[PDB]
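*Asks:* Here it is, the structure in full.
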Amino acid sequence: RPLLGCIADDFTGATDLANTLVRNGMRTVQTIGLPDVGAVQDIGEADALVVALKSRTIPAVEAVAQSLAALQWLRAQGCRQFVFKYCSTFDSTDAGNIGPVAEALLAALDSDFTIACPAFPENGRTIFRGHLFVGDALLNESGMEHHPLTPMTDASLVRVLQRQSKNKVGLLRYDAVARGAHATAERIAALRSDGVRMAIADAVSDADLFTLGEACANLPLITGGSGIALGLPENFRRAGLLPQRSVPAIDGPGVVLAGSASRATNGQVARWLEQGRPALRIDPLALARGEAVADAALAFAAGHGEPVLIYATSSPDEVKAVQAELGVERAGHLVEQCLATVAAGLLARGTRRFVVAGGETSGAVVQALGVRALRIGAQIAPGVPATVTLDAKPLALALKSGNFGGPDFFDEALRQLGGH
Ligand SMILES: Nc1ncnc2c1ncn2[C@@H]1O[C@H](COP(=O)(O)OP(=O)(O)O)[C@@H](O)[C@H]1O
């Protein structure tokens, strides 16, 4: 039976986590929400299950409800330990949802403690004295202070998490972690005795992540980004529970759908345009006026024999202007809906390869495509695997978290997903 059950707050994050688990020796299946029985095939044969939710920015009560339903489903499949997966940049607001979901999951597991560790050195995220760094910049000087939905203006994760948590948030500091697994486990026992119910965990290296994983072998719930999962397969191997343990190219029409406003995604769009590749920009203000923007994007894609880029990707100043006119949630949802409609339309027209930039964007698109589950293929860039659906004629998807990938990612992804 499956050993590890994971709940991810966005669809790109689900693939990121599953990639890390597969690469470290756990057969993993990603489900899009909860599958009907037995709509997903060789699922009781997985070592790990990753449930993808679109719950990062919905109301906290709904995020909790969806997360509790996923937890029960995972328990019923036989899972022994659980991971709550959120963004390595801690994407949230004072209203949630990292705090409300983690605390709800702890209560439902009857556990009095977990860690919260979004560190991801491979993608430049480290944590020191509870403060999150992106490269050598604090979170709030990294570009995340300009995220369209969850601007992060405070790098102190203890303070940030405490604001969205009812119970005591503490710190598992780098100097304990540096001393190895036994010392870390001892410090966790001390934090619990101190009344800490959730601790931000420092991690300045992949070595620290493996130390944390081993120290937390005995916790029902672990929370963080994909990095905190690095060492979990080794725990099960050591315990004698898991033995020591691809995907085909899919040819056909492709498309790139970009709803992230990140610097990385801006750079990826600019590169596409630099190379003279066909692209159409989505104006949120046209969507709000009810102009036929999705139809135009479909027509644009249909007239091209090569993949096109449909993008709303814009500068922070441009996003701010749109939001002042329409509202943050309304603008964000119009764009998501548009890209999702374009994806559904393209699916009907035979498109088989989809590269999607943005977490929420991927949630919208993949739900509109009707995907029930994904098989995890090879890593394209840190945090971003190629994936395929389980249909007789599969779809190939690359769901790129907004901050991930190099400048050339769109082309790299299209090529790894398959041929023309
Ligand atoms: N030009 C724009 N104006 C307003 N909102 C936008 C614009 N472009 C993108 N957005 C919205 O910003 C949000 C980006 O979130 P997401 O897709 O999760 O990206 P990321 O992975 O970078 O966090 C989406 O709701 C998207 O629709």
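With PDB author numbering applied, the sequence shown corresponds to residues 9 to 253, 258 to 432, in that order.
Ideal Cβ positions, reconstructed from N, Cα and C, are used throughout, including at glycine.
At 3 residues or longer, and completely inside the segment 122-173: list those beta strand (DSSP E) runs for me, N to C.
*Replies:* As far as the segment 122-173 is concerned, its whole beta strand (DSSP E) runs of at least 3 residues are 122-125, 133-136 and 139-142.
*Asks:* Starting from residue 254, trace the beta strand (DSSP E) in both directions and tell me its first and last residue.
*Replies:* The residue list of the chain ends a segment at 253 and starts the next at 258, so residue 254 has no coordinates to report.
*Asks:* Roughly how far, in whole angstroms, is the beta-carbon of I236 from the beta-carbon of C125, given that I think they are within contact range, below 8 Å?
*Replies:* Between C125 and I236 the Cβ distance is about 4 Å, and since that is below 8 Å, they are a contact.
*Asks:* Can you check which of these residues, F422, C14, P260 and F92, is closest to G232 by C-alpha distance?
*Replies:* Answer by Cα proximity: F92.
*Asks:* Confirm the yes/no value for this check: CB of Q335, any heavy atom of ligand 1, distance under 7 Å.
*Replies:* For ligand 1, at least one heavy atom lies less than 7 Å from the Cβ of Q335.
*Asks:* Taking the CB atoms as reference points, tell me whether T399 and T23 lie closer together than 8 Å.
*Replies:* It is a contact, given that the beta carbons lie within the stated cut-off.
*Asks:* Hey, quick one: how far does the beta strand (DSSP E) through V367 stretch, first residue to last?
*Replies:* Segment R365 to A369, the beta strand (DSSP E) holding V367.
*Asks:* One question on the structure: do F421 and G395 come within less than 8 Å of each other, judged by their Cβ atoms?
*Replies:* Result no, Cβ atoms of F421 and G395 do not sit closer than 8 Å.
*Asks:* Rounding to the nearest angstrom, what Cα-Cα distance links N175 and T101 in this structure?
*Replies:* For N175 and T101, the distance between alpha carbons rounds to 17 Å.
*Asks:* Can you give me the Cβ contacts of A56 inside the same chain, cut-off strictly under 6 Å, excluding the 5 residues immediately before and after it?
*Replies:* Closer than 6 Å at Cβ, skipping near neighbours: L12, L29, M34 and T36.
*Asks:* Measure the Cβ-Cβ separation of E372 and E341 and say whether it is below 8 Å.
*Replies:* No. Outside cutoff.
*Asks:* Tell me, please, which residues DSSP counts as bridged to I40.
*Replies:* Beta-bridge pairing links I40 to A60.
*Asks:* Is the distance from the Cβ of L269 to the Cβ of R365 below 8 Å?
*Replies:* Contact: no.
*Asks:* Starting from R293, follow its DSSP beta bridges and name the residues at the other end.
*Replies:* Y323, per the DSSP bridge assignment.
*Asks:* Rounded to whole angstroms, how far is the Cβ of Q287 from the Cβ of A369, which I believe are closer than 8 Å?
*Replies:* The pair is not a contact, with the Cβ atoms about 16 Å apart (cut-off 8 Å).
*Asks:* I want to know whether the segment 198-209 touches the segment 151-162 - three or more CB-CB distances under 8 Å.
*Replies:* No: fewer than three Cβ pairs fall under 8 Å.
*Asks:* Under the three-state reduction of DSSP, which class applies to residue 257: helix, strand or coil?
*Replies:* Between 253 and 258 in the chain the model has nothing, and residue 257 is one of the residues in that span.
*Asks:* If you draw a straight line from the C-alpha of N32 to the C-alpha of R245, how long is it?
*Replies:* So the two alpha carbons sit approximately 11 Å from each other.
*Asks:* To the nearest whole angstrom, what separates the beta carbons of residue 462 and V109, a pair I think is in contact under 8 Å?
*Replies:* Given that the chain is displayed from residue 9 to residue 432, the structure contains no residue 462 and the question cannot be resolved.
*Asks:* Is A26 close to ligand 1? I mean its beta-carbon at under 7 Å from any heavy atom of the ligand.
*Replies:* Outside the cutoff, so no.
*Asks:* Taking all protein chains shown into account, decide if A410 is buried (16 or more other Cβ within 10 angstroms of its Cβ) or exposed.
*Replies:* Label assigned to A410: buried.
*Asks:* Using DSSP's beta-bridge definition, name the partner residues of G104.
*Replies:* DSSP output for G104 lists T101 as bridge partner(s).
*Asks:* Straight-line CA distance for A247 to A26?
*Replies:* Their backbone Cα atoms lie some 21 Å apart in a straight line.
*Asks:* So, for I135: in the same chain, excluding its five sequence neighbours on each side, which residues have a beta-carbon less than 6 Å away from its beta-carbon?
*Replies:* Correct list, in chain order: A127, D210 and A211.
*Asks:* Since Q335 is in the alpha helix (DSSP H), which residue starts that stretch and which ends it?
*Replies:* Its alpha helix (DSSP H) spans residues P328 to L338.
*Asks:* When DSSP labels each residue in this structure, what does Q379 get in the three-state scheme?
*Replies:* It is helical.
*Asks:* Determine the direct distance from the alpha carbon of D423 to that of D263, and round the result to whole angstroms.
*Replies:* Each residue's Cα considered, the two are about 15 Å apart.
*Asks:* CA-CA distance, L61 and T20?
*Replies:* Computed Cα separation, rounded: 10 Å.
*Asks:* Would you say the beta carbon of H154 comes nearer than 7 Å to a heavy atom of ligand 1?
*Replies:* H154 Cβ: outside cutoff for every heavy atom of ligand 1.
*Asks:* Taking only the alpha-carbon atoms, compute the straight-line gap between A336 and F98 and give it to the nearest angstrom.
*Replies:* Cα-Cα distance, rounded: 25 Å.
*Asks:* If we count the other Cβ atoms within 10 Å of its Cβ and call it buried at 16 or more, is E194 buried or exposed?
*Replies:* The residue in question, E194, is exposed, as its Cβ has fewer than 16 Cβ neighbours within 10 Å.
*Asks:* Check each candidate in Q85, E70, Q80 and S63 and name the one with the smallest Cα separation from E53.
*Replies:* With distances taken between Cα atoms, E53 lies closest to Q85.
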